[PDB]
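Participant: sequence unavailable; structure follows:
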Ligand code: SF4
Ligand code: SF4
Ligand code: SF4
Ligand code: SF4
Ligand code: FES
Ligand SMILES: [K+]
Ligand SMILES: [Zn+2]
C-alpha cells in the first residue's frame, strides 16, 4: 500500500502519509504531552509542549503539527526531548497563579499532572507574576483568566465546532488575553463544552463551583434523555448525590460533546 | 450574626436550622445547640478596602509563611474591588 | 525507597539510626521487665519505665 | 538533690555506687524549653542552574527485572562469597 | 553514582545473583519456568507448583545454596490470571549472606504441596494462606483458620472480598449473647479514584493492545 | 542486673528453660535473640547493613546454652550496645536536610509551597494522589528490636 | 564483632570455692538485692502531683483539632479538601459551596474523633494552616456522640485555643 | 589436629573427635550416589566439582583449625553437618529427576507484571 | 510430563459455594464489565487501558445523627481490574454473578493537517490563530 | 483443559463417601453440642440444621468443590468438639436476632429498592 514506515524509539510502525509525529506515537501506545492539540480541533502548535527529538536532527519538532517523513526515528524519551518538556513546563508555570487549593480543576488538571510527569520539581522564578482581569461570558462558564495558558482551544472550538466567532486574542506578547473584548455572553447550545477542553481552571462550571473534588466522585456511565440523540454521559455522584454531568466519548453519536441542557 | 427561626433555634452560619416538625430537634432537649457566634462573612466585611497605587497587587495573607500562598490580584476594573481568593481582603487602585 | 530508587539524605540516615537504637531500648526495657513481672519480680518494671 | 548527706551515704552504701553523680531525676542540666529559631539548610538540588530534573530522577532509572532464563566447562557458583567469620570483640570479649 | 537523591546501583551483586539464577535453572530444568533479577538486586525463581518440594529442598540442603531459613511465605491474589494466586517463598542463606525468592501459582481448587517437611516455619504460614486466601495445602499436620474468627465464612485477602466484610457483631440483650448480622455502615467507605491519567514510567510500558 | 543476673531465684526460673538448638531455630524461622541465644552469629545490622549501620561500632551478644537465661543476658547486653551506638550518633550527626531533595517524592517546605507554583502543584498532588512507585516487588528486612522485621511490598 | 555473654569458668582454687560456699549458705547475693531496693526507698519518688503538675510537652504536640481564622476573623479554610484526601482513617468529611459573598467555604467540616488516629497529616496537608491539632489532651466525654465534631465545634476550639495554638505554631513553623 | 575444642558454640551440635575421618566418609559417600545420576545432569557435574574441592582440602590439611579456614563453612562440625545434608539431597534428587525437561509451561501471562 | 496423577473433570467452573459470599449477593447482583471512559476534563488516556468489573449501585441514605451517607451494600466499593475482557467474563461466571459486557470504545484515527488551516478554496480556513 | 490435580477424590462416587462420613460425624455430635454448650434448642432442631446445611450444597457435581466443602465442614466439626467455638458461634447458624426479610415482590416493593 501507500503506508510509509517510521520508527518510534526503534519500533517500526506503518502509518498513512499525512500522519503526524504525535499520531505515530499513539500507534505504539505512547502519548505525547499536549496542551493546545485536540484531536477534534484545528492544529495550533503554539504550546510547544509536544516537542520531540527526531534522530539525526538538531532541532526538536512540534509533534502535533509535523507530518512524519519516511524512515524517521522519533525519540520520545531522550535527554533533548525531556529537557524540552522541562523548559516549556517551566515557562507555563512562570506566571501561573498559586490557585490550586481554590481552583476547581485541582485533581483533574492537565497542568498539574504534566507538571508532575514531565516538568521539574521546583521553580527558579524570582519575579512577580502577571494578573489578568476576569471576564463574564454568561451564567454557565466561570472565567478566571489569570489561569489561562493561551492554548486557544476555546477559540478554535467556538469557531469550528459551535460556529460562533465570539472568542479571540486581544493584545500581543505576555499581555495577550483570551476573551470577547466587549461585554458579551457566549451563550450557545454547545457552550458548556469549553469547560472540558480547557486544560486549566480558567474555564469552569459555575453551578458546580466548589462543590466537589475529582477524586471523591463516583462515575456512572449512563445516557442523556434531554433529547432523542442519546448522548453518552458520565453521572458524577458523591455520597448519594448527583454533582455534575460529563460527556462520554461515543464516536458515532456525540463525539465528546453534550448540549447545555444535558450538562 | 446569629439569627433565630420562629421556633427559637439559632441558625448557624451555614444556614442550618431544624424545621418545626423535625423530630431531630429532640437531641437538644436538656442540652444546647453549639453555634459559633463569630460569623466569618460578617467579620471579613468589616475590614476596610486598602488603596494601592499599582495595577497589580499581591497578597500572602499576612505573616509570610504563616499566611496563604501568594496570589496576584488585578485592579484594572474600576466598577468593583479586587478580592483575594484566600483571605477575602479587598484592594482598590488609588484614583485609578 | 528501594522501589522508588531514591536515597534518603545522610542526616536523615543518622537520625533513623539514632532513633532506631532509642527504640531498641524502649523494646528491651519492655521485654526484660515485663518478662520479670510475669516471673514475679515487680520492681524493675517501675525503675525502667521511668526511663 | 535535696537529700541530706546522711541519707546520701546510706543510699550510696546500700546500692554500692555513687548515685548522686547519676541521678534519674532531671534538674537544670536539661535544655531550655524556649529555644532560638532555627535556619535549616537546603538540599543539594536547591540550585538555579545545571539542575535539570532528568539528570536527578531516581524513579525513571528503575527498570523491569532482567530476565536470566525464560521458557517462552562451567564452575559451580554460590549466591555470593561465603560469609567471613566474625572476630571476637577487643572491647569486652567475655561478659 | 555521586547523585545525592538517586539510589546507588550495585552491579557486583547483580552479576552474582544472575549467575546463581542460571545455576539453579540448569540443575532443575524440570520445574524452573523463569528466572529474573530486579534492578535492586533481588533474585526470583519461578517454578511449576509440582516442584515446590524438590526446589526448596535443593536450596535448603545444597552446599552452594544453604538456604536454611524461611523468612516468609505468602500469597498474592491476581484475579486476571487463570491461576489467580501466587505463592511466594522468601529464603535466607546465613552461610552465603544472600536471599532468594521462589514463586509458584495455584487456583481456587488445585492443592499445593505442603512445605512443612522442608521448613517447620511453614506450618503457621500455610494456615494463614489457607485462612486469608483459601489455598489448600496437602499433607499439612493441622490445617485450620489461624487469624479469622471461628466459623468465619470467606477468605478476606481475596481481591473480590469486600473491605468491611458481610457480617458485623453486636451484643443483643434479648438473647443475652453476641450476635452476627448483615453489615450496615453509618458512614460508607468513600472510594477515591487517585490514578493519574498520565503515564508515570515509560520504561514499564506494555506493548499496545 | 543487681536484681536479676546473679539472683539464684531468677536463675532457677530461666536456666535450662526453653532450650532451642541452633539447627531447630533456623528451620523454625527464628531470628534475632532467639538465634543468637543458641550461638548463631547473625545480626542483619552487620551482615546486611542498612542506613548508616556500617559506620558505627558495636558488638553482637552471643549465647552459649540457648536458654531463657542466656537470651536475657543478650537483651541486657544489647541495651548496653545501643547506648554505645547512640554515643557515636550524637557525635557523628552531620548537617544538611532531612528528607530527599526530590519534591516528586517528599513534599516541599511550607515556605516553598506558598511561594512557588511548582511546589504548590507537588504539595497538592503528593497529599491527594501520592507518588507513583514503579512496578515491582521487594522483600526488605531490618534487625528490629525483637528479630527480623520484613515487608514484602508489591 | 561479637562477645560471649555466658561463657565463663569459675576458678576452682579453695578460696574461691569457699567464697561460693558462703554465698550459697549465707545468701550474700540475695542481700545485695535487698540493698538495691533499700536505696530506692530513700530516693525521691518521680511522681508528679497531677492534676496540679502536668507532664512536659512540646510545641509539636498533636492534641485536639481546631479550625483557625485569620487576624481579620475570616476563616482560613477554603474547602480544598486536601485534609480529607490525606486522612489515613477517613475521619474528615467536607462539603462546600459558594458563600453569599462568593467565597469558597465549607458548609460541612466533620471530624469523627473516634476514627481519627491523631497523626497530624491534615495539618501537614493544609495549604493555609486552617486545620491544626491543638495542645489540649483533656477532652474526655461521657458519650460517643460528643466526639463527632462538626464545623461549629471545631471553630469554637479555634476561638478557644487560638492564644496558645498561634504561639505553638510560631515556635515550630520554621521546622515545617 | 592439635587440641580438641571443648564446645562448638552452637547449641545441640556435639564436638566431633574425628573430623578428618568423618569428612572423608561423607564426601566419598556423596560421590558414590552421584554416579547413579545421569552423567550429563548438571547436578552431578556441579556437585562432583564442589565435593572434590572439599575432599581435596581435607586430604591436604592435617590441622583442624587451618582446615576450617580453607573450607570456609564455619566450625568443622557445621561442615560435617552440611556434608550430611548434601548426601540426603543427592539420594532424593534421584527419585525426583529434576534434570528432565520442564513438566509444563505456564499460561501465557502467568508471570506478567503489571497485570 | 507431570507425575501428579491428574483426573478429568468436565463441567463449568463454579465456586459460589466455597467463596463464603451470602446468597443475596450472588443472584440479585449485576456486574458491569467495561473499559472506563476517559475523564473528559483531561487528555490522558492511561486510565482507559484495563477492563474493570463494578457492580450495580444500591441505596445510600442519610445518617440521622451527622447526615453522612450510610449504606447496607457490602460490594459498593468493589472494583476489579482485568487485562482482557475474557479474563473478566471468566471471573464473573466463576463466581456466579450475572454480567453485562460493554465493548471497548477506541477513538477513531483522524486526518490532521496543519496546512488545511490556510486553504485557498475550502471552509477549513481558520479566521483566527 | 480438563486434567487437574484432585484434592482427595477422583470422582463423585469417592467424594460422596466422604460427605456421608461427615454427616455421620455431625449427626452424632449434635447431642453433645446441645449438652456442653447448654444450648436452649433440642437435638431435633440441631440435627435439622445440619441436614439443612448439607442440602444447600446438593447441586454440586465437581469432586474438587465437594472436597473443599467436606474439608471446610470437617474444620467446623473440630472447633465444635474441642469447644474452640463459644455459644455465640454455634448459635450463629440460626439467626435469632434478624427479622425475617420478605420474599415476595410486593413486600420487597414496599420497604425498599432491592430486588
Ligand atoms: S489550572 Fe491546574 S495548576 Fe492552575 S491553579 Fe488550577 S489546578 Fe492548579
Ligand atoms: S481559556 Fe482555557 S481553553 Fe481558552 S485559551 Fe485559555 S487555557 Fe486554552
Ligand atoms: S490527625 Fe490524621 S487521622 Fe486525625 S483527622 Fe488529621 S489526618 Fe485524619
Ligand atoms: S486542607 Fe485546610 S483548606 Fe483544605 S479543606 Fe482541609 S482545612 Fe480546608
Ligand atoms: S500540543 Fe503541539 S505545540 Fe501544543
Ligand atoms: K477547564
Ligand atoms: Zn490574601
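Facilitator: Happy to help now that I have it. Numbers count the residues shown, from 1 in each chain, chains lettered A, B, ... in the order given. Ligands and ions are numbered 1, 2, ... in the order given.

Participant: for residue J:62, the count of nearby residues, please.
Facilitator: Residues near residue J:62, counting by other Cβ atoms under 10 Å in any protein chain shown, number 21. Using the backbone N, CA and C atoms, a C-beta is placed for each residue, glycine as well.

Participant: what sits against it?
Facilitator: E:109, I:9, I:11, I:14 (Cβ atoms under 8 Å, 6 or more residues apart in numbering or on different chains).

Participant: buried stuff in stretch H:89-104?
Facilitator: Within stretch H:89-104, the residues that count as buried by 16 or more other Cβ atoms under 10 Å in any protein chain shown are H:89-90, H:93, H:96, H:98-99, H:102-103.

Participant: pretty sure residue E:118 sits against residue E:57.
Facilitator: Yes - between residue E:118 and residue E:57 there is a contact under Cβ atoms under 8 Å: 5.5 Å.

Participant: now do the helix ranked longest in chain J: which elements does it pack against?
Facilitator: Determined from DSSP state H, the single longest helix within chain J is helix J:12-36. When contacts are defined as 3 or more Cβ pairs under 8 Å, 6 or more residues apart in numbering or on different chains; DSSP states H and E, helix J:12-36 sits against helix J:43-56, helix J:63-82.

Participant: for chain B, find the nearest of these.
Facilitator: Smallest distance to chain B across the helices and strands packed on helix J:12-36 (Cβ to the nearest Cβ): 41.5 Å, for helix J:43-56.

Participant: ok, and what's touching that closest one?
Facilitator: I:17, J:19, J:23, J:26-27, J:30-31, J:33-34, J:39, J:73, J:93-94.

Participant: and stretch E:46-57, by the same measure?
Facilitator: By Cβ under 8 Å, 6+ apart, stretch E:46-57 touches E:24, E:28, E:30-36, E:45, E:87, E:89, E:91, E:102-106, E:110, E:112-113, E:115, E:117-119, H:89, H:92-93, H:96, H:98, H:102-104, H:106, H:111, I:2-4.

Participant: gap between the two ends of that stretch?
Facilitator: 15 Å (Cα to Cα, to the nearest Å).

Participant: can I get the contacts of residue J:62 in JSON lines including distance to residue A:57, secondary structure and neighbour count?
Facilitator: As requested, the contacts of residue J:62 are exported to JSON lines (distance: Cβ to Cβ, whole Å; DSSP: H, G, I helix; E, B strand; the rest coil; neighbours: other Cβ atoms under 10 Å in any protein chain shown):
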{"residue": "E:109", "distance to residue A:57": "58", "secondary structure": "coil", "neighbour count": "22"}
{"residue": "I:9", "distance to residue A:57": "61", "secondary structure": "coil", "neighbour count": "19"}
{"residue": "I:11", "distance to residue A:57": "62", "secondary structure": "coil", "neighbour count": "11"}
{"residue": "I:14", "distance to residue A:57": "60", "secondary structure": "coil", "neighbour count": "16"}
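
Participant: hang on, residue I:108 packs against residue A:252?
Facilitator: No - Residue I:108 lies out of contact with residue A:252 (Cβ under 8 Å); the separation is 9.2 Å.

Participant: relative to the whole chain's centre, how far out is stretch F:11-30?
Facilitator: 22 Å (Cα atoms, centre = their mean, to the nearest Å).

Participant: got the buried residues for it?
Facilitator: F:11, F:13-15, F:19-23, F:25-30.

Participant: returning to what we had before: buried ones in the longest helix of chain J, by neighbour count?
Facilitator: Applying 16+ other Cβ under 10 Å to helix J:12-36 flags J:15, J:18-19, J:22-23, J:26, J:29-30, J:33-34 as buried.

Participant: check stretch G:134-149 too.
Facilitator: For stretch G:134-149, by 16+ other Cβ under 10 Å, it's G:134-136, G:147-149.

Participant: check stretch F:46-54 too.
Facilitator: F:46, F:48, F:50-53.

Participant: ok, so of the residues you listed, who is nearest chain A?
Facilitator: For the buried residues of stretch F:46-54, the nearest to chain A is residue F:51 (24.3 Å; Cβ to the nearest Cβ).

Participant: isn't residue B:68 right up against residue B:86?
Facilitator: Yes - in this structure, residue B:68 is within contact of residue B:86 by Cβ under 8 Å, at 4.0 Å.

Participant: so which residues of chain B form strands?
Facilitator: Assigned by DSSP state E, chain B shows strands spanning B:3-4, B:10-11, B:50-52, B:56-59, B:71-74, B:82-83, B:90-93.

Participant: among the helices and strands packed on helix J:12-36, which comes closest to residue F:129?
Facilitator: Taking Cβ to Cβ, helix J:63-82 is the member of the helices and strands packed on helix J:12-36 nearest to residue F:129, at 40.4 Å.

Participant: ok, which residues in chain D are in contact with chain C?
Facilitator: Taking Cβ under 8 Å from any Cβ of the partner chain as the contact definition, chain D meets chain C at D:24, D:43, D:58-59, D:61-62.

Participant: which among these count as buried?
Facilitator: Counted by 16+ other Cβ under 10 Å, those give D:43, D:58-59, D:61-62 as buried.

Participant: and residue A:54, what are its phi and psi?
Facilitator: phi -110, psi 130 (degrees, to the nearest 10).

Participant: tell me how many other residues crowd it.
Facilitator: So residue A:54, with other Cβ under 10 Å, has 22 neighbours.

Participant: next up, the contacts around it.
Facilitator: A:21, A:60-61, A:72-75.

Participant: and for residue G:174?
Facilitator: Residue G:174 neighbours (Cβ under 8 Å, 6+ apart): D:37-40.
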